[PDB]
Amino acid sequence: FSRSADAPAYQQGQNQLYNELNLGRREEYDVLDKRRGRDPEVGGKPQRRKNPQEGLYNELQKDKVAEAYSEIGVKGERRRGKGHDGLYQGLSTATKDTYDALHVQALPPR
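Describing the overall build of the protein
Step number 1: If you tally the helices and strands in the protein, you get zero helices and zero strands.
Step number 2: Relative to the 2.2 N^0.38 estimate, which gives 13 Å for 110 residues, the radius of gyration of the protein is 51 Å and therefore markedly larger than a compact globule would have.
Step number 3: In the form shown here, the protein has an accessible surface area of approximately 13200 Å², with 52% of it arising from carbon and sulfur atoms.
Step number 4: Looking at charge distribution, the protein has the averaged site of its 20 positive side-chain charges lying 6 Å from that of its 17 negative ones.

This is the structure:
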């Protein structure tokens, strides 16, 4: 009861006076939050992008390779025959009412 067990030391440990309460920060804490950013916290900046969007103006579009001009088939491409039409094919005239006389004679090879 003379030494030890009876040592409350009303003062010890940097100070310890029922006060302290650590007034260090109590406010200024993570104010910069890992710093590095100084940004409005993506509050609203969609205008920022990292991809092409020149769909209408793709590849310095400048009518260098037809820009929707008769490019919806271009006569297409097929090969199956069956057609024969376009240029003034037949012209008759040889018959009708005989102009320069296309009759009055017949001699079949056989």
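What about the UniProt feature "domain: ITAM" in the protein?
Step number 1: Mapped onto this numbering, the UniProt entry annotates "domain: ITAM" at residues 7-35, 46-74 and 77-105.
Step number 2: Annotation note: span residues 7-35, helix share 0%, strand share 0%, distance between end C-alpha atoms 47 Å.
Step number 3: Helix makes up 0% of residues 77-105 and strand 0%. Its end C-alpha atoms lie 48 Å apart.

Examining unusual backbone geometry
Step number 1: Positioned with a positive phi, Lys75 is a non-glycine residue whose angle comes to about 65°.
Step number 2: With phi around 50°, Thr98 is a residue other than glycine that occupies positive phi space.

Definitions and cut-offs
- Residues numbered from 1 in each chain as written, not as in the entry; some residues may be left out.
- Heavy atoms only, no water.
- Helix = DSSP H or I, 4+ residues; strand = E, 2+ residues; numbered from the N terminus.
- Rg over C-alpha atoms; globule rule 2.2 N^0.38 Å.
- Areas by Shrake-Rupley, 256 points an atom, 1.4 Å probe, with all protein chains shown as cover.
- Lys, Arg positive; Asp, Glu negative; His and termini not counted.
- Charge placed at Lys NZ, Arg CZ, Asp CG, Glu CD.
- UniProt positions renumbered as here; feature names shortened; annotations may be inferred.

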